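Below are the chains, spelled out letter by letter.
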Amino acid sequence: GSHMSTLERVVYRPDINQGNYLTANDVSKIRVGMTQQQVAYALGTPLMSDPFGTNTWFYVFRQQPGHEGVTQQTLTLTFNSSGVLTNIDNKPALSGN
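Cut-offs used in this document
- Residues numbered from 1 in each chain as written, not as in the entry; some residues may be left out.
- Heavy atoms only, no water.
- Helix = DSSP H or I, 4+ residues; strand = E, 2+ residues; numbered from the N terminus.
- Contact = heavy atoms within 4.5 Å.
- 1 Å grid on protein atoms, 1.4 Å probe; cavity = no way out; pocket = protein on both sides within 12 Å on 5 of 7 lines; lining within 4 Å.
- Points joined across faces, edges and corners; volume = space filled by probe spheres on them.
- Nonpolar A, V, L, I, M, F, W, Y, C, P; charged D, E, K, R; others polar.
- Salt bridge = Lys/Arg side-chain N within 4 Å of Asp/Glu carboxyl O.
- Buried < 20%, exposed > 50% of the residue type's maximum accessible area, 1.4 Å probe, protein only.
- Core = buried A, V, L, I, M, F, W, Y, C linked by side-chain atoms within 4.5 Å.
- Pairing = 2+ DSSP bridges.

Asker: Would you take a moment to explain the side chain of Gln 36 for this structure?
Answerer: Within the fold, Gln 36 resides in helix α2 (residues 36–43). The residues contacting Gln 36, other than those within four sequence positions of it, are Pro 51, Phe 52, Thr 54, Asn 55, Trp 57, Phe 79 and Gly 83.

Written as structure tokens, this is what we have:
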């Protein structure tokens, strides 16, 4: 994106170079059946910093080649009325960032 500067990262926490957000590894960590609080802790609370405010969570996939028009794959977590995981919606991202 326009804000290409990836200098901010809070502290030195090496793994991915392409971001400081959630990746595929952590998606593989979670599972349907647990709550919002469970996933928020398993995955890491989203940018808004308040996961328990919404029922639709948006996350990103691990450092991948992006061999298409779209590169990334977004994780959209869907929670029911109770705040329980119903579906892990993993579909393609924007054509960039």
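Asker: Quick question: what am I supposed to make of the layout of surface pockets here?
Answerer: Estimates place the volume of the largest pocket at around 1,300 Å³. Put simply, the parts of the chain that give the lining of the largest pocket at least two residues each are α1 (24–29) and β1 (56–59). The residue makeup of the lining of the largest pocket, split by class, is 15 nonpolar, 16 polar and five charged.

Asker: Looking at this structure, I do not really get the pattern of salt bridges. What am I missing?
Answerer: Here the idea is simple: oppositely charged side chains can pair when their charged atoms come close. Summed over the entire model, instances satisfying the criterion amount to two salt bridges. Where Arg 62 meets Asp 15, a salt bridge forms, and the shortest distance between an N and an O atom there is 2.8 Å. Note that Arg 62 is positioned in the loop between β1 and β2 (73–79) and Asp 15 in the segment before α1, a separation of 47 residues in sequence. The class for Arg 62 is partly exposed, based on a relative accessible area of 32%. Across the salt bridge formed by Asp 26 and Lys 29, the nearest N and O atoms sit 3.0 Å from each other. Here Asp 26 and its partner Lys 29 are both found in helix α1, three residues apart, which amounts to about one turn of the helix.

Asker: Quick question: what am I supposed to make of unusual backbone geometry here?
Answerer: Negative phi is the rule for most residues except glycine; trans is the rule for most peptide bonds. Positive phi is not limited to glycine here, since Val 10 has a value of about 70°. By secondary structure assignment, the location of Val 10 is in the segment before α1. Among the residues examined, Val 10 registers a relative accessible area of 69% and is labelled exposed. Of note in the backbone geometry, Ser 49 takes a positive phi value of approximately 75° without being a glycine.

Asker: Is there a simple way to explain the nonpolar core in this structure?
Answerer: Side chains of nonpolar character tend, in soluble globular proteins, to be buried together. Among the nonpolar cores identified, the biggest contains 14 residues, and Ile 30, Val 39, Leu 75 and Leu 77 are the most heavily contacted of them. Those elements giving two or more residues to this core turn out to be α2, β1, β2 and β3 (85–92). Non-local contacts of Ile 30, meaning those with residues more than four positions away in its chain, are made with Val 39, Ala 42, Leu 43, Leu 75, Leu 77 and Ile 88.

Asker: Honestly, the pairing of β3 in this entry has me stumped. Any pointers?
Answerer: Along any regular strand the residues' side chains alternate between the sheet's two faces. Across seven bridges, the pairing between β2 and β3 is antiparallel. Pairing of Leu 77 across the sheet is with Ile 88, part of β3. Linking β2 to β3, which pair antiparallel, is a turn of five residues; within it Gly 83 sits at a positive phi near 100°.

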